[PDB]
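Participant: A single structure is presented below for examination.
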There are 2 protein chains.
Amino acid sequence: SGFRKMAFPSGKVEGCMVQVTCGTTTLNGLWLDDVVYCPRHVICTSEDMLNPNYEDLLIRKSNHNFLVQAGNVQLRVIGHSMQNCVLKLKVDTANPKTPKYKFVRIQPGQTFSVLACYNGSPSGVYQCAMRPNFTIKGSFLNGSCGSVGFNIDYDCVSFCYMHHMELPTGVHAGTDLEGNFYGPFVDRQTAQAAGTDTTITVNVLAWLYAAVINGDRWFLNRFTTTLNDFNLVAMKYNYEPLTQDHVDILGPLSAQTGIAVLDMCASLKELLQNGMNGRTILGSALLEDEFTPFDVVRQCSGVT
Amino acid sequence: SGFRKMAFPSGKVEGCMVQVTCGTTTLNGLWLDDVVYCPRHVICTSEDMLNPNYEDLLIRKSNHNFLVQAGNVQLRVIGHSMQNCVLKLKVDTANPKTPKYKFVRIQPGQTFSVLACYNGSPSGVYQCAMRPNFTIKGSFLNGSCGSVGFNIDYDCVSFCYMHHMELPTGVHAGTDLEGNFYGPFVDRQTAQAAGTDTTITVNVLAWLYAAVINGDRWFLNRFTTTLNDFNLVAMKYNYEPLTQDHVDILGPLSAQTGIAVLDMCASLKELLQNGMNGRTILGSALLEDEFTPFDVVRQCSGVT
Ligand SMILES: O=C(Nc1cncc2c1CNCC2)[C@@H]1CCOc2ccc(Cl)cc21
Ligand SMILES: O=C(Nc1cncc2c1CNCC2)[C@@H]1CCOc2ccc(Cl)cc21
């Protein structure tokens with residue numbers, strides 16, 4: 001028992017982190033097979049970030065201008081190409097620690113682990129959610145760019161995020177591993193609006209089921225609701241609308257606990273309208289939305 | 001910017017996890033150099049746990065009864081000894097992935113990362129605190145015993161915890177890597193009282209400094225207090241008494257923010273007496289005590 005904000009073991013990803021330097025800019029790269037992936041802004045100076053023309057900036061760079069260091073050894077760069085907002089540096093050596101991997105574009109509301117890195121070295125790992133507005137609330141300092149987010153399914157690492165930018169609001173923005181930004185963001189130093197963020201309703205419900213499994217049951221009530229009535233409340237409290245697709249993925253948790261999805265929706269409705277009344281759920285005084293129904297099933301069953 | 005409950009990268013520890021089986025009991029072991037460390041209750045059946053005589057139970061076991069599997073290969077056990085509540089299995093092969101390491105006994109209030117494992121395989125990593133009552137609030141299912149807690153300082157892994165038991169309250173108890181339980185616990189299936197738990201005051205103050213660094217400043221007030229007045233309030237709210245030693249370790253955070261330790265104590269006093277008034281600090285609606293002053297300095301500076 002017990003329920004924690006658990007990250008995936010980061011070993012398979014640590015073995016892929018390298019340092020990439022171009023001119024005076026240094027950031028993190030991801031070495032998979034004979035390719036190193038990093039944010040394309042490694043070719044910019046601070047002044048270039050105001051309005052960069054990446055095609056023109058990259059044209060002035062050659063393979064020998066990209067310094068790639070893995071641990072203490074230097075990698076020989078034999079090719080370079082830009083794909084959307086990432087640079088792909090072809091190296092003459094395959095990473096011997098390359099795990100089985102995939103590049104995946106996650107959906108808003110999905111969770112992943114971030115391995116925060118500086119100078120190609122890992123400092124920490126944490127679990128977070130891709131917000132419905134395509135930002136992440138990470139912990140990233142200067143030099144953290146190129147740090148990646150991922151999920152693991154037994155021996156396969158599905159890379160889903162690469163860190164690029166911190167918005168003036170202190171929230172974070174990045175790309176998938178093909179260099180496409182999540183959200184409307186561009187890699188320029190210009191104030192960019194992240195949309196209205198909402199609470200990931202399906203995740204909160206999954207976390208309420210995780211609380212029932214671990215013994216926190218005070219929030220259970222004698223009521224029920226409909227998907228329509230619940231969504232009227234969710235919209236009022238800036239929660240994402242719950243669909244039958246969301247109800248479907250809550251099925252295993254509904255089965256284990258014997259608490260129907262709409263009954264759990266009624267508990268969530270009362271918590272939204274009345275608050276916690278100074279009480280806690282799984283050690284939190286607010287409604288947690290950073291665990292998906294899959295995360296709750298995985299943690300409660302022991303998937304290694 | 002941003003502040004997360006960050007765990008240490010778990011790679012160095014993943015390379016040390018093995019599965020240990022003795023009879024019908026399987027749990028996790030820690031392979032360092034030519035020794036495998038695991039909870040001594042691996043030699044018990046469920047029935048034996050009621051009132052085990054470990055000296056007598058171990059006497060019936062020989063080296064060949066301890067099955068140790070690392071990944072897919074079997075390790076040859078050439079010796080066995082009990083040290084307090086851990087078994088040390090001498091193997092004929094040194095773990096080639098043994099990182100630089102130390103065995104350390106942490107103090108109550110200190111934090112560490114847990115690599116939860118099942119059948120010698122890592123499933124997740126999370127950061128937690130050793131409670132003032134020597135329990136931890138982990139996330140451990142059946143088969144998680146032998147999972148370890150640790151800290152990392154550049155290339156050295158200081159192992160501080162090995163998981164052994166879940167109390168009837170759902171909280172967790174374990175030993176240091178010499179097999180000494182943290183707290184008054186014994187490895188027997190008998191209801192055991194964990195003392196009154198308290199909030200780790202120095203950690204809450206460090207986390208308030210981390211909030212100021214990241215922009216959450218609403219809780220700052222025009223007041224100050226004394227160590228005596230503050231401790232009268234801390235005792236009322238079941239907080240640990242703050243000592244000059246605690247004030248001393250908050251020094252770097254006090255310097256960075258320009259907010260004197262007793263001024264931050266006054267903010268904490270008002271938060272204890274009045275609550276948050278429906279507001280959040282670093283995305284939490286309660287006072288977080290799972291970040292030490294060292295953790296806040298490390299995360300805010302970027303120690304890899
Ligand atoms: O956001 C950026 N980096 C950064 C990333 N993550 C955390 C932190 C920082 C910098 N301050 C400390 C915290 C850079 C600098 C600003 O101008 C731009 C513009 C576009 C892009 Cl893609 C990147 C950047
Ligand atoms: O606590 C124990 N294991 C366990 C450990 N962590 C999490 C969970 C469990 C079991 N239930 C699921 C969650 C075992 C069984 C109970 O009797 C004892 C008595 C003493 C000792 Cl050292 C160990 C144990």
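Each chain in the structure tokens gets a letter, A, B and so on, in the order shown; residues start at 1 in every chain, and ligands are counted from 1 in the order they appear.
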Quick check for you: according to DSSP on this backbone, which residues of stretch 141-287 of chain A are classed as helix (DSSP H, G or I)? Reply as a PyMOL selection string.

Facilitator: chain A and resi 201-214+227-236+244-249+251-257+261-274

Participant: For the residues in the current selection, export N, CA and C atoms as a short mmCIF file (atom, residue, chain, number, x, y, z; two decimals), in the first residue's frame.

Facilitator:
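Wrote it out as out05.cif, contents follow:
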```cif
data_model
loop_
_atom_site.label_atom_id
_atom_site.label_comp_id
_atom_site.auth_asym_id
_atom_site.auth_seq_id
_atom_site.Cartn_x
_atom_site.Cartn_y
_atom_site.Cartn_z
N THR A 201 -9.51 15.87 -15.68
CA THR A 201 -10.61 15.20 -14.98
C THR A 201 -10.45 13.67 -14.85
N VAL A 202 -10.13 12.99 -15.96
CA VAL A 202 -9.96 11.54 -15.95
C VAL A 202 -8.86 11.11 -14.98
N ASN A 203 -7.78 11.90 -14.91
CA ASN A 203 -6.67 11.67 -14.00
C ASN A 203 -7.06 11.87 -12.57
N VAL A 204 -7.83 12.92 -12.26
CA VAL A 204 -8.32 13.14 -10.89
C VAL A 204 -9.17 11.95 -10.46
N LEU A 205 -10.07 11.49 -11.35
CA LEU A 205 -10.93 10.35 -11.02
C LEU A 205 -10.11 9.11 -10.77
N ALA A 206 -9.08 8.87 -11.60
CA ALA A 206 -8.17 7.73 -11.41
C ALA A 206 -7.48 7.82 -10.04
N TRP A 207 -7.08 9.03 -9.65
CA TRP A 207 -6.40 9.27 -8.38
C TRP A 207 -7.36 9.09 -7.19
N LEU A 208 -8.65 9.37 -7.37
CA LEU A 208 -9.66 9.09 -6.35
C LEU A 208 -9.84 7.59 -6.18
N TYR A 209 -9.79 6.82 -7.28
CA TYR A 209 -9.83 5.37 -7.21
C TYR A 209 -8.57 4.87 -6.52
N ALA A 210 -7.40 5.47 -6.80
CA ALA A 210 -6.16 5.07 -6.11
C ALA A 210 -6.29 5.35 -4.62
N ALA A 211 -6.96 6.46 -4.22
CA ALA A 211 -7.16 6.75 -2.81
C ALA A 211 -8.05 5.68 -2.17
N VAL A 212 -9.15 5.28 -2.83
CA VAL A 212 -10.03 4.24 -2.28
C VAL A 212 -9.27 2.92 -2.09
N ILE A 213 -8.41 2.57 -3.05
CA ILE A 213 -7.62 1.34 -2.98
C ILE A 213 -6.67 1.35 -1.78
N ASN A 214 -6.10 2.53 -1.47
CA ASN A 214 -5.17 2.67 -0.35
C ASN A 214 -5.83 3.05 1.00
N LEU A 227 -23.25 11.90 -16.84
CA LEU A 227 -22.12 12.52 -17.56
C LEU A 227 -22.45 13.99 -17.91
N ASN A 228 -23.74 14.29 -18.16
CA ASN A 228 -24.12 15.66 -18.50
C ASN A 228 -24.07 16.58 -17.29
N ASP A 229 -24.69 16.18 -16.18
CA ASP A 229 -24.67 16.97 -14.96
C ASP A 229 -23.22 17.18 -14.47
N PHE A 230 -22.43 16.10 -14.44
CA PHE A 230 -21.03 16.20 -14.06
C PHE A 230 -20.27 17.21 -14.94
N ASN A 231 -20.47 17.17 -16.26
CA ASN A 231 -19.76 18.08 -17.17
C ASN A 231 -20.15 19.53 -17.02
N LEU A 232 -21.36 19.80 -16.54
CA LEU A 232 -21.79 21.16 -16.25
C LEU A 232 -20.93 21.70 -15.08
N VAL A 233 -20.67 20.85 -14.07
CA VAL A 233 -19.85 21.17 -12.91
C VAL A 233 -18.38 21.27 -13.32
N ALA A 234 -17.86 20.28 -14.08
CA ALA A 234 -16.48 20.29 -14.57
C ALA A 234 -16.18 21.58 -15.34
N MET A 235 -17.10 22.01 -16.23
CA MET A 235 -16.90 23.25 -16.98
C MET A 235 -16.84 24.46 -16.05
N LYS A 236 -17.68 24.49 -15.01
CA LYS A 236 -17.67 25.61 -14.06
C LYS A 236 -16.33 25.71 -13.31
N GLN A 244 -17.14 9.37 -22.67
CA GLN A 244 -17.28 7.93 -22.52
C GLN A 244 -15.90 7.25 -22.72
N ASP A 245 -15.04 7.78 -23.61
CA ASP A 245 -13.66 7.25 -23.73
C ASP A 245 -12.90 7.25 -22.39
N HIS A 246 -13.03 8.34 -21.61
CA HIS A 246 -12.44 8.48 -20.27
C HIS A 246 -13.07 7.46 -19.31
N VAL A 247 -14.40 7.34 -19.31
CA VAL A 247 -15.14 6.38 -18.48
C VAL A 247 -14.63 4.93 -18.77
N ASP A 248 -14.44 4.62 -20.05
CA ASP A 248 -13.96 3.33 -20.54
C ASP A 248 -12.60 2.97 -19.97
N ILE A 249 -11.66 3.93 -19.95
CA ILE A 249 -10.33 3.64 -19.42
C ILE A 249 -10.30 3.56 -17.89
N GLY A 251 -12.59 1.79 -16.28
CA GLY A 251 -13.17 0.46 -16.11
C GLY A 251 -12.46 -0.46 -15.13
N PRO A 252 -11.12 -0.65 -15.22
CA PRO A 252 -10.44 -1.56 -14.28
C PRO A 252 -10.50 -1.09 -12.84
N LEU A 253 -10.42 0.22 -12.63
CA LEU A 253 -10.51 0.82 -11.30
C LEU A 253 -11.91 0.76 -10.76
N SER A 254 -12.90 0.94 -11.63
CA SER A 254 -14.29 0.79 -11.25
C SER A 254 -14.56 -0.68 -10.85
N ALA A 255 -13.93 -1.63 -11.55
CA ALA A 255 -14.14 -3.05 -11.27
C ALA A 255 -13.55 -3.49 -9.93
N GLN A 256 -12.31 -3.08 -9.67
CA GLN A 256 -11.54 -3.38 -8.46
C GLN A 256 -12.26 -2.85 -7.22
N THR A 257 -12.66 -1.59 -7.25
CA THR A 257 -13.28 -0.95 -6.11
C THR A 257 -14.78 -1.18 -5.99
N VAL A 261 -18.21 4.47 -12.24
CA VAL A 261 -17.55 5.70 -12.66
C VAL A 261 -18.41 6.95 -12.36
N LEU A 262 -19.73 6.88 -12.62
CA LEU A 262 -20.60 8.02 -12.33
C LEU A 262 -20.78 8.27 -10.82
N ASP A 263 -20.66 7.22 -10.00
CA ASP A 263 -20.66 7.38 -8.54
C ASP A 263 -19.41 8.12 -8.13
N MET A 264 -18.23 7.76 -8.71
CA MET A 264 -17.00 8.49 -8.41
C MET A 264 -17.08 9.93 -8.91
N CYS A 265 -17.73 10.16 -10.05
CA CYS A 265 -17.97 11.51 -10.58
C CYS A 265 -18.78 12.34 -9.57
N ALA A 266 -19.75 11.71 -8.87
CA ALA A 266 -20.57 12.40 -7.87
C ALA A 266 -19.72 12.80 -6.69
N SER A 267 -18.79 11.94 -6.26
CA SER A 267 -17.85 12.30 -5.20
C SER A 267 -17.00 13.51 -5.61
N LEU A 268 -16.49 13.50 -6.85
CA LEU A 268 -15.66 14.59 -7.36
C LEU A 268 -16.44 15.89 -7.44
N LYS A 269 -17.71 15.81 -7.86
CA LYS A 269 -18.62 16.96 -7.92
C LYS A 269 -18.76 17.59 -6.53
N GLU A 270 -19.04 16.77 -5.49
CA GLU A 270 -19.15 17.30 -4.13
C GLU A 270 -17.84 17.94 -3.65
N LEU A 271 -16.69 17.33 -3.97
CA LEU A 271 -15.38 17.88 -3.61
C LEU A 271 -15.12 19.22 -4.30
N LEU A 272 -15.61 19.38 -5.53
CA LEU A 272 -15.43 20.62 -6.27
C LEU A 272 -16.32 21.71 -5.68
N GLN A 273 -17.58 21.36 -5.36
CA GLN A 273 -18.51 22.33 -4.82
C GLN A 273 -18.27 22.71 -3.36
N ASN A 274 -17.77 21.78 -2.54
CA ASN A 274 -17.58 22.03 -1.12
C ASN A 274 -16.14 22.14 -0.64
#
```

Participant: Report as a PyMOL selection string all protein, DNA and RNA residues lying within 6 Å of stretch 160-173 of chain A, evaluated on only C-alpha atoms, omitting residues in the same chain fewer than 3 positions from it.

Facilitator: (chain A and resi 104-105+135-137+145-150+176) or (chain B and resi 1)

Participant: Give me a file of those residues, with N, CA, C and O atoms, as a short mmCIF file (atom, residue, chain, number, x, y, z; two decimals), in the first residue's frame.

Facilitator:
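Final output, saved to out-v1.cif:
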```
data_model
loop_
_atom_site.label_atom_id
_atom_site.label_comp_id
_atom_site.auth_asym_id
_atom_site.auth_seq_id
_atom_site.Cartn_x
_atom_site.Cartn_y
_atom_site.Cartn_z
N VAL A 104 7.41 8.80 -29.67
CA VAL A 104 5.96 8.92 -29.64
C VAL A 104 5.52 10.34 -29.29
O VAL A 104 6.20 11.04 -28.54
N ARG A 105 4.41 10.77 -29.86
CA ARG A 105 3.85 12.06 -29.54
C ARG A 105 2.70 11.79 -28.60
O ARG A 105 1.72 11.16 -29.00
N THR A 135 1.77 22.68 -22.13
CA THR A 135 2.91 23.10 -21.37
C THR A 135 3.16 21.98 -20.33
O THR A 135 2.32 21.11 -20.13
N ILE A 136 4.33 22.01 -19.69
CA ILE A 136 4.63 21.11 -18.58
C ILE A 136 5.13 22.01 -17.43
O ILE A 136 5.68 23.08 -17.66
N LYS A 137 4.88 21.61 -16.19
CA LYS A 137 5.34 22.37 -15.02
C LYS A 137 6.54 21.60 -14.52
O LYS A 137 6.43 20.71 -13.66
N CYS A 145 18.10 22.51 -21.26
CA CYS A 145 17.56 22.21 -22.59
C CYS A 145 18.13 20.93 -23.18
O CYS A 145 19.28 20.60 -22.90
N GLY A 146 17.29 20.17 -23.83
CA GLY A 146 17.70 18.88 -24.37
C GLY A 146 17.39 17.74 -23.42
O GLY A 146 17.45 16.58 -23.83
N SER A 147 17.00 18.04 -22.16
CA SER A 147 16.57 17.01 -21.21
C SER A 147 15.29 16.38 -21.78
O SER A 147 14.50 17.08 -22.42
N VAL A 148 15.13 15.04 -21.65
CA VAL A 148 13.99 14.38 -22.26
C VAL A 148 13.00 13.78 -21.27
O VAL A 148 13.33 13.49 -20.12
N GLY A 149 11.75 13.69 -21.74
CA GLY A 149 10.63 13.04 -21.09
C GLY A 149 10.36 11.72 -21.79
O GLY A 149 10.54 11.60 -23.01
N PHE A 150 9.90 10.72 -21.03
CA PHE A 150 9.73 9.38 -21.60
C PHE A 150 8.77 8.53 -20.77
O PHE A 150 8.46 8.87 -19.63
N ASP A 176 8.27 17.02 -29.46
CA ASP A 176 8.37 15.57 -29.52
C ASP A 176 9.81 15.31 -30.10
O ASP A 176 10.56 16.27 -30.37
N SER B 1 13.36 27.67 -13.65
CA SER B 1 12.41 27.76 -12.56
C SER B 1 11.48 26.53 -12.52
O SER B 1 11.64 25.59 -13.32
#
```

Participant: List all protein, DNA and RNA residues that have any atom at most 10 Å from ligand 1, counting only C-alpha atoms and all ligand atoms, and write the list as a ChimeraX atom specification.

Facilitator: /A:27,39-42,44-52,85,138-147,163-168,170-175,181,185-192 /B:1-2

Participant: For chain B against chain A, which residues fall within 6 Å using only C-alpha atoms, given as a list in words?

Facilitator: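 In the required form, that comes to residues 1, 2, 3, 4, 6, 7, 8, 9, 10, 11, 121, 122, 123, 124, 125, 126, 138, 139, 140, 141, 170, 285, 286 and 304 of chain B.
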
Participant: Write the residues you've just listed into a file as a PDB file, in the first residue's frame, and include N, CA and C atoms for each of them.

Facilitator:
```pdb
ATOM      1  N   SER B   1      13.359  27.674 -13.646  1.00  0.00           N
ATOM      2  CA  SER B   1      12.406  27.762 -12.556  1.00  0.00           C
ATOM      3  C   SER B   1      11.479  26.526 -12.523  1.00  0.00           C
ATOM      4  N   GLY B   2      10.610  26.475 -11.520  1.00  0.00           N
ATOM      5  CA  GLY B   2       9.775  25.324 -11.234  1.00  0.00           C
ATOM      6  C   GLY B   2      10.436  24.518 -10.128  1.00  0.00           C
ATOM      7  N   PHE B   3       9.638  23.850  -9.292  1.00  0.00           N
ATOM      8  CA  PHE B   3      10.189  23.082  -8.182  1.00  0.00           C
ATOM      9  C   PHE B   3       9.427  21.788  -8.035  1.00  0.00           C
ATOM     10  N   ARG B   4      10.120  20.678  -8.221  1.00  0.00           N
ATOM     11  CA  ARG B   4       9.538  19.352  -8.232  1.00  0.00           C
ATOM     12  C   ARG B   4      10.064  18.445  -7.143  1.00  0.00           C
ATOM     13  N   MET B   6      11.845  15.761  -6.788  1.00  0.00           N
ATOM     14  CA  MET B   6      12.771  15.088  -7.650  1.00  0.00           C
ATOM     15  C   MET B   6      13.520  13.967  -6.975  1.00  0.00           C
ATOM     16  N   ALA B   7      13.628  12.844  -7.655  1.00  0.00           N
ATOM     17  CA  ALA B   7      14.399  11.717  -7.193  1.00  0.00           C
ATOM     18  C   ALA B   7      15.786  11.757  -7.848  1.00  0.00           C
ATOM     19  N   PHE B   8      16.766  11.079  -7.249  1.00  0.00           N
ATOM     20  CA  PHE B   8      18.084  10.958  -7.856  1.00  0.00           C
ATOM     21  C   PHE B   8      17.954  10.056  -9.080  1.00  0.00           C
ATOM     22  N   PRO B   9      18.782  10.247 -10.139  1.00  0.00           N
ATOM     23  CA  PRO B   9      18.751   9.291 -11.269  1.00  0.00           C
ATOM     24  C   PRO B   9      19.053   7.879 -10.734  1.00  0.00           C
ATOM     25  N   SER B  10      18.237   6.904 -11.080  1.00  0.00           N
ATOM     26  CA  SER B  10      18.313   5.565 -10.477  1.00  0.00           C
ATOM     27  C   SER B  10      19.199   4.548 -11.173  1.00  0.00           C
ATOM     28  N   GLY B  11      19.855   4.939 -12.247  1.00  0.00           N
ATOM     29  CA  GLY B  11      20.692   4.035 -13.037  1.00  0.00           C
ATOM     30  C   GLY B  11      21.717   3.214 -12.281  1.00  0.00           C
ATOM     31  N   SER B 121      13.509  -6.633 -10.513  1.00  0.00           N
ATOM     32  CA  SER B 121      13.328  -5.660 -11.592  1.00  0.00           C
ATOM     33  C   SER B 121      12.768  -4.324 -11.113  1.00  0.00           C
ATOM     34  N   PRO B 122      13.397  -3.224 -11.532  1.00  0.00           N
ATOM     35  CA  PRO B 122      12.932  -1.892 -11.089  1.00  0.00           C
ATOM     36  C   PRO B 122      11.633  -1.431 -11.745  1.00  0.00           C
ATOM     37  N   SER B 123      10.630  -0.991 -10.957  1.00  0.00           N
ATOM     38  CA  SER B 123       9.377  -0.498 -11.547  1.00  0.00           C
ATOM     39  C   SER B 123       9.217   1.011 -11.467  1.00  0.00           C
ATOM     40  N   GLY B 124       9.824   1.635 -10.468  1.00  0.00           N
ATOM     41  CA  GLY B 124       9.697   3.076 -10.306  1.00  0.00           C
ATOM     42  C   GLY B 124      10.581   3.668  -9.246  1.00  0.00           C
ATOM     43  N   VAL B 125      10.738   4.978  -9.302  1.00  0.00           N
ATOM     44  CA  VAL B 125      11.575   5.702  -8.373  1.00  0.00           C
ATOM     45  C   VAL B 125      10.812   6.910  -7.848  1.00  0.00           C
ATOM     46  N   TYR B 126      10.897   7.127  -6.550  1.00  0.00           N
ATOM     47  CA  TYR B 126      10.263   8.284  -5.932  1.00  0.00           C
ATOM     48  C   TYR B 126      11.114   8.785  -4.788  1.00  0.00           C
ATOM     49  N   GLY B 138       5.922   5.034   1.843  1.00  0.00           N
ATOM     50  CA  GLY B 138       6.329   4.590   0.522  1.00  0.00           C
ATOM     51  C   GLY B 138       5.172   4.118  -0.310  1.00  0.00           C
ATOM     52  N   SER B 139       5.494   3.396  -1.345  1.00  0.00           N
ATOM     53  CA  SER B 139       4.534   2.774  -2.226  1.00  0.00           C
ATOM     54  C   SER B 139       5.140   1.389  -2.466  1.00  0.00           C
ATOM     55  N   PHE B 140       4.714   0.406  -1.674  1.00  0.00           N
ATOM     56  CA  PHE B 140       5.302  -0.918  -1.730  1.00  0.00           C
ATOM     57  C   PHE B 140       4.232  -1.975  -1.722  1.00  0.00           C
ATOM     58  N   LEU B 141       4.251  -2.886  -2.714  1.00  0.00           N
ATOM     59  CA  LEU B 141       3.303  -3.994  -2.774  1.00  0.00           C
ATOM     60  C   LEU B 141       4.030  -5.259  -2.321  1.00  0.00           C
ATOM     61  N   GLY B 170      -0.361   0.897   7.156  1.00  0.00           N
ATOM     62  CA  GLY B 170      -0.028   1.171   5.762  1.00  0.00           C
ATOM     63  C   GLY B 170       1.251   1.964   5.571  1.00  0.00           C
ATOM     64  N   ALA B 285      -1.521  22.480  -1.553  1.00  0.00           N
ATOM     65  CA  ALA B 285      -2.399  23.160  -0.614  1.00  0.00           C
ATOM     66  C   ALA B 285      -2.050  22.847   0.859  1.00  0.00           C
ATOM     67  N   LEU B 286      -0.914  22.201   1.108  1.00  0.00           N
ATOM     68  CA  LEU B 286      -0.433  21.956   2.456  1.00  0.00           C
ATOM     69  C   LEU B 286       1.072  22.275   2.559  1.00  0.00           C
ATOM     70  N   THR B 304      24.597  17.925 -10.510  1.00  0.00           N
ATOM     71  CA  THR B 304      24.434  16.702 -11.289  1.00  0.00           C
ATOM     72  C   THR B 304      25.299  15.576 -10.743  1.00  0.00           C
TER      73      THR B 304
END
```

Participant: Which of stretch 25-208 of chain A end up as strand (DSSP E or B) when DSSP is run on this backbone - answer as a PyMOL selection string?

Facilitator: chain A and resi 25-32+35-39+66-70+73-75+77-83+86-91+100-103+111-118+121-129+136+148-153+156-166+172-175+181+199

Participant: Report, in Å to a single decimal, how far apart atom CA of residue B:25 and atom 23 (C, counted along the ligand's line) of ligand 2 are.

Facilitator: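 Separating atom 23 (C, counted along the ligand's line) of ligand 2 from atom CA of residue B:25 is a distance of 11.4 Å.
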
Participant: Just give me the gap between atom CA of residue A:103 and atom CA of residue A:77 in Å, one decimal is fine.

Facilitator: 22.1 Å

Participant: Choose the residue, out of B:30, B:57, B:86, B:70, that has the smallest atom-to-atom separation from residue B:178; count only C-alpha atoms.

Facilitator: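 Counting only C-alpha atoms, the residue closest to residue B:178 is B:86.
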
Participant: Excluding same-chain residues fewer than 2 positions from stretch 90-100 of chain A, what lies within 9 Å of it counting only C-alpha atoms, as an NGL selection string?

Facilitator: :A and (12-13 or 15-16 or 31-37 or 63 or 68 or 75-81 or 88 or 102 or 155-158)

Participant: Measuring atom to atom with only C-alpha atoms, identify which of B:28, B:21, B:53, B:198 is nearest to residue B:289.

Facilitator: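 The shortest atom-to-atom distance to residue B:289 comes from B:198.
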